[PDB]
Amino acid sequence: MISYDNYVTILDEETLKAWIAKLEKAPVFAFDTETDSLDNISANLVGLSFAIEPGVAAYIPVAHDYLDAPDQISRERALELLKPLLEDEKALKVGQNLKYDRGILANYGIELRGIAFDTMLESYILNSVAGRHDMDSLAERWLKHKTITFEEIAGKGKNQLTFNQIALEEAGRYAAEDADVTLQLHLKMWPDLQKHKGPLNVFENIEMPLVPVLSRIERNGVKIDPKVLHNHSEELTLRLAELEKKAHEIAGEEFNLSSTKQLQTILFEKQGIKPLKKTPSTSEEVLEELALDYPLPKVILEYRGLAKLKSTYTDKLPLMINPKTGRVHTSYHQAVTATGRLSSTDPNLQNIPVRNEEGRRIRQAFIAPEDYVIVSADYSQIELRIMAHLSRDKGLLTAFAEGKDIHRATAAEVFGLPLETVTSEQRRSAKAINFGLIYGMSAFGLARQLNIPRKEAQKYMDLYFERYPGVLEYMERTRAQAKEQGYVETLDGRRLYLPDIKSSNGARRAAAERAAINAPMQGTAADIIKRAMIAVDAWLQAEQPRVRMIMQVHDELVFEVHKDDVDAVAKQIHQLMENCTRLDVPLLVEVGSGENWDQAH
Ligand SMILES: [Mn+2]
Ligand SMILES: [Zn+2]
């Protein structure tokens, strides 16, 4: 257990100033903040904690207000005395998920600098799939120590206490242990992160500098029109009713639009072929095949989709508007994906349909404030360009070199015919192949996405590998080093460990081979996107133009730019993105503007 003897609870200026003095000469120090809410923009700082050495840490309570709470240094006094240390780029800080802490200090006009080590990221860069990268998991993995959980001091359920209600000493045990343990994790991981210049590089120049930019992006938020969202909601209830009637009208009686229950008893009972279609799914969708001539399945198809979309974005989004800012603040996760791409939640921007008409309507609800315009900067098929370089293929490289459409160029060579005469079905085949390679798709999986028979798909892949030889070389060379060293790397050094590469199990090992081919191209794009964010954010902080970086989804960065500035700013973002990142991959940035995200997209 941790008692009230481990750490000190600072309740007077004389002691705080003493610690501040020690802090100023420590090589590095761990620091943490305690608040009354998980909501960064509207949380209140309840206290701060530090650790200058393993086992030597303190907690400074500034805003606990339960009945009869003892005197504490005022939040304002503590922050003014602590400010210089925090705003000093030279004083290096350590912390677990420093993003959250940086934002909290920003609620008080304090710019946290010297953001050098985030143990959450150290862990992530060491091995992304090693396990969960949260402090509690880390401490158990690297220190065989079980930390005090939040539920332990605050409680569970609706009657859970906010930090400001917890007794000073109990708050101290939790807060000071955080800092202390954080420092210990650093000391154990930092040394390891240097055994290789690859991960080291990614961690230092990509991941760490990104911590404050993600904070600024998250806090800026995104302006959403709730009216638009409400109309769309009402309209979708009418379309759901209409679609249900049409289904009943096609056959007879009433029924749910649920497969393997009410659908099979209708669809195949009135001709077709027995099996159902899982909502496994992106490989054999029985329902959309019948949709080319059959009407009923086509309506049930479009019904489910609308039903999912409505309750996921149409009814949720408006409830996520923050009362303090009036904007929506999405949560980006830096240490979650195995390849290094940022993920997103509440809302998960990446699941909003792109090639679909309704997803477009959702995007229209993302609006620019008065006198501003939404500006969308996107990397045109970056992954494919990355594969081009990785395979050293003159064909692909030349296609991008002279600005031709790679999918048509691919079909022109694979099917052997002029580029101006390649048909829509041929381009669609090549595209299926091109993206099939990135995910390491099997010759039969391609047959299921193209609807052609097996070995007909094989015919195509053999023609591809012959016309584009370098792509097979890469596929094999990557599957090679993967088994040899148990991992694959990206252009910047980022690593994905594949433990099941020699699995001895069939499919488990196949997954590991697909990931081998994929990870290098996907992780490299991720790295590129992060370098663009840092680059654009640096210019933002230095030049102070009238623009905010509001979103990051897939291979694009979304901004809010002042209408009078649109042109000069567009020139700038474009240059920053296709020039201040890597100079070895042939990159292209498509920049567009509009009144809402859909208009600029
Ligand atoms: Mn914390
Ligand atoms: Zn804490």
# chains A, B, ... in the order shown; residues from 1 in each chain; ligands from 1
$ select_by_dssp --residues "region 216-436 of chain A" --states "alpha helix (DSSP H)" --output "PyMOL selection string"
chain A and resi 216-220+226-250+264-267+286-290+296-309+357-364+382-391+394-401+406-414+424-436
$ residues_near_ligand --ligand "ligand 2" --cutoff "6 Å" --atoms "only C-alpha atoms and all ligand atoms" --output "number ranges by chain"
A: 32-34, 175, 178
$ residues_near_ligand --ligand "ligand 1" --cutoff "10 Å" --atoms "only C-alpha atoms and all ligand atoms" --output "PyMOL selection string"
chain A and resi 31-35+48-49+95-101+135+175+178-179+182
$ closest_residue --among "A:434, A:325, A:265, A:575" --to "residue 42 (chain A)" --atoms "only C-alpha atoms"
A:325
$ residues_around --residues "residue 92 (chain A)" --least-positions-apart "5" --cutoff "7 Å" --atoms "only C-alpha atoms" --output "number ranges by chain"
A: 28-29, 114-116
$ write_last_selection --atoms "C-alpha atoms" --output "PDB file, in the first residue's frame"
ATOM      1  CA  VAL A  28      14.471  16.393 -15.693  1.00  0.00           C
ATOM      2  CA  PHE A  29      11.324  16.213 -13.548  1.00  0.00           C
ATOM      3  CA  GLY A 114       9.931  21.841 -22.404  1.00  0.00           C
ATOM      4  CA  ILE A 115       7.475  19.025 -23.191  1.00  0.00           C
ATOM      5  CA  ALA A 116      10.259  16.465 -23.560  1.00  0.00           C
TER       6      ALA A 116
END
$ residues_around --residues "residue 481 (chain A)" --least-positions-apart "4" --cutoff "12 Å" --atoms "only C-alpha atoms" --output "list in words"
residues 474, 475, 476, 477, 485, 486, 487, 488, 489, 497, 498, 501, 513, 516, 517 and 520 of chain A
$ decode --residues "region 466-512 of chain A" --atoms "N, CA and C atoms" --output "CSV table (one decimal), in the first residue's frame"
chain,number,residue,atom,x,y,z
A,466,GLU,N,4.2,-8.7,-63.8
A,466,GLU,CA,5.1,-8.7,-65.0
A,466,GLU,C,5.3,-7.3,-65.5
A,467,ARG,N,4.3,-6.5,-65.5
A,467,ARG,CA,4.4,-5.1,-66.0
A,467,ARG,C,5.0,-4.2,-65.0
A,468,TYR,N,4.8,-4.5,-63.7
A,468,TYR,CA,5.3,-3.8,-62.6
A,468,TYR,C,6.0,-4.8,-61.7
A,469,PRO,N,7.3,-5.2,-62.1
A,469,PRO,CA,8.2,-6.1,-61.4
A,469,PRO,C,8.6,-5.7,-60.0
A,470,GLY,N,9.0,-4.5,-59.8
A,470,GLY,CA,9.5,-4.0,-58.6
A,470,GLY,C,8.5,-4.1,-57.4
A,471,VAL,N,7.2,-4.3,-57.7
A,471,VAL,CA,6.2,-4.4,-56.6
A,471,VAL,C,6.2,-5.8,-56.0
A,472,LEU,N,6.6,-6.8,-56.8
A,472,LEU,CA,6.7,-8.2,-56.3
A,472,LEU,C,7.9,-8.3,-55.5
A,473,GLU,N,9.0,-7.7,-56.0
A,473,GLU,CA,10.3,-7.7,-55.3
A,473,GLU,C,10.1,-7.2,-53.9
A,474,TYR,N,9.4,-6.0,-53.8
A,474,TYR,CA,9.1,-5.4,-52.5
A,474,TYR,C,8.3,-6.3,-51.6
A,475,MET,N,7.2,-6.9,-52.2
A,475,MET,CA,6.3,-7.8,-51.4
A,475,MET,C,7.1,-8.9,-50.8
A,476,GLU,N,8.0,-9.5,-51.5
A,476,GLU,CA,8.8,-10.6,-51.1
A,476,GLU,C,9.9,-10.2,-50.1
A,477,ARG,N,10.6,-9.1,-50.4
A,477,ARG,CA,11.7,-8.6,-49.6
A,477,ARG,C,11.2,-8.2,-48.2
A,478,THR,N,10.0,-7.6,-48.2
A,478,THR,CA,9.4,-7.2,-46.9
A,478,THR,C,8.9,-8.5,-46.1
A,479,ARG,N,8.4,-9.5,-46.8
A,479,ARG,CA,8.0,-10.7,-46.1
A,479,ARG,C,9.2,-11.4,-45.6
A,480,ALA,N,10.4,-11.1,-46.2
A,480,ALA,CA,11.7,-11.7,-45.8
A,480,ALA,C,12.1,-11.1,-44.5
A,481,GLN,N,12.5,-9.8,-44.5
A,481,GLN,CA,13.0,-9.1,-43.3
A,481,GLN,C,12.1,-9.3,-42.1
A,482,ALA,N,10.8,-9.5,-42.4
A,482,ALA,CA,9.7,-9.6,-41.4
A,482,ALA,C,10.0,-10.9,-40.6
A,483,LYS,N,10.3,-12.0,-41.3
A,483,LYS,CA,10.5,-13.3,-40.6
A,483,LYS,C,11.9,-13.3,-40.0
A,484,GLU,N,12.9,-12.7,-40.7
A,484,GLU,CA,14.3,-12.6,-40.3
A,484,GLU,C,14.4,-11.9,-38.9
A,485,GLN,N,13.9,-10.6,-38.8
A,485,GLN,CA,14.1,-9.8,-37.6
A,485,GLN,C,12.8,-9.6,-36.8
A,486,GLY,N,11.7,-10.3,-37.1
A,486,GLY,CA,10.5,-10.1,-36.4
A,486,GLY,C,9.8,-8.8,-36.4
A,487,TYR,N,10.1,-7.9,-37.3
A,487,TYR,CA,9.5,-6.6,-37.5
A,487,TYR,C,9.7,-5.9,-38.8
A,488,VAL,N,8.9,-4.9,-39.1
A,488,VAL,CA,9.1,-4.2,-40.4
A,488,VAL,C,9.2,-2.7,-40.0
A,489,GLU,N,9.8,-1.9,-40.8
A,489,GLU,CA,10.0,-0.4,-40.5
A,489,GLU,C,9.4,0.5,-41.6
A,490,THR,N,9.2,1.7,-41.2
A,490,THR,CA,8.7,2.7,-42.2
A,490,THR,C,9.9,3.6,-42.6
A,491,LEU,N,9.7,4.5,-43.5
A,491,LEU,CA,10.8,5.4,-44.0
A,491,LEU,C,11.5,6.1,-42.9
A,492,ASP,N,10.7,6.5,-41.8
A,492,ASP,CA,11.3,7.2,-40.7
A,492,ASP,C,11.9,6.4,-39.6
A,493,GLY,N,11.7,5.1,-39.7
A,493,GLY,CA,12.2,4.2,-38.7
A,493,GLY,C,11.2,3.6,-37.8
A,494,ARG,N,10.0,4.0,-37.8
A,494,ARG,CA,8.9,3.5,-37.0
A,494,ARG,C,8.8,1.9,-37.2
A,495,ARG,N,8.5,1.2,-36.1
A,495,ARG,CA,8.4,-0.3,-36.2
A,495,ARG,C,7.1,-0.9,-35.8
A,496,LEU,N,6.8,-2.0,-36.5
A,496,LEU,CA,5.6,-2.8,-36.2
A,496,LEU,C,6.1,-4.2,-36.0
A,497,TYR,N,6.0,-4.7,-34.8
A,497,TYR,CA,6.4,-6.0,-34.4
A,497,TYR,C,5.4,-7.0,-34.8
A,498,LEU,N,5.8,-8.1,-35.5
A,498,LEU,CA,4.9,-9.1,-35.9
A,498,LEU,C,5.2,-10.5,-35.3
A,499,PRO,N,4.7,-10.7,-34.0
A,499,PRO,CA,5.0,-11.9,-33.3
A,499,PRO,C,4.5,-13.2,-33.9
A,500,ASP,N,3.4,-13.1,-34.7
A,500,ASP,CA,2.8,-14.3,-35.3
A,500,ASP,C,3.4,-14.6,-36.7
A,501,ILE,N,4.5,-13.9,-37.0
A,501,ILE,CA,5.1,-14.1,-38.4
A,501,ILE,C,5.6,-15.5,-38.6
A,502,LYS,N,6.0,-16.2,-37.6
A,502,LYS,CA,6.5,-17.6,-37.7
A,502,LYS,C,5.5,-18.5,-36.9
A,503,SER,N,4.3,-17.9,-36.7
A,503,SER,CA,3.2,-18.5,-35.9
A,503,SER,C,3.0,-20.0,-35.9
A,504,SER,N,3.3,-20.7,-37.0
A,504,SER,CA,3.1,-22.2,-37.1
A,504,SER,C,1.6,-22.5,-37.2
A,505,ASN,N,0.8,-21.4,-37.1
A,505,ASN,CA,-0.7,-21.5,-37.2
A,505,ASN,C,-0.9,-20.9,-38.6
A,506,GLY,N,-1.9,-21.4,-39.3
A,506,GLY,CA,-2.2,-21.0,-40.7
A,506,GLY,C,-2.6,-19.5,-40.9
A,507,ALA,N,-3.8,-19.2,-40.7
A,507,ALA,CA,-4.4,-17.9,-40.8
A,507,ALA,C,-3.8,-16.8,-40.0
A,508,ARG,N,-3.4,-17.2,-38.8
A,508,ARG,CA,-2.8,-16.3,-37.8
A,508,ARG,C,-1.5,-15.7,-38.4
A,509,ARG,N,-0.8,-16.6,-39.1
A,509,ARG,CA,0.5,-16.3,-39.7
A,509,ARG,C,0.3,-15.5,-41.0
A,510,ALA,N,-0.9,-15.7,-41.7
A,510,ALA,CA,-1.2,-15.0,-42.9
A,510,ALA,C,-1.4,-13.5,-42.6
A,511,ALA,N,-2.2,-13.3,-41.5
A,511,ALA,CA,-2.5,-12.0,-41.0
A,511,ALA,C,-1.2,-11.2,-40.8
A,512,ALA,N,-0.2,-11.9,-40.2
A,512,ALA,CA,1.1,-11.4,-39.9
A,512,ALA,C,1.9,-11.0,-41.1
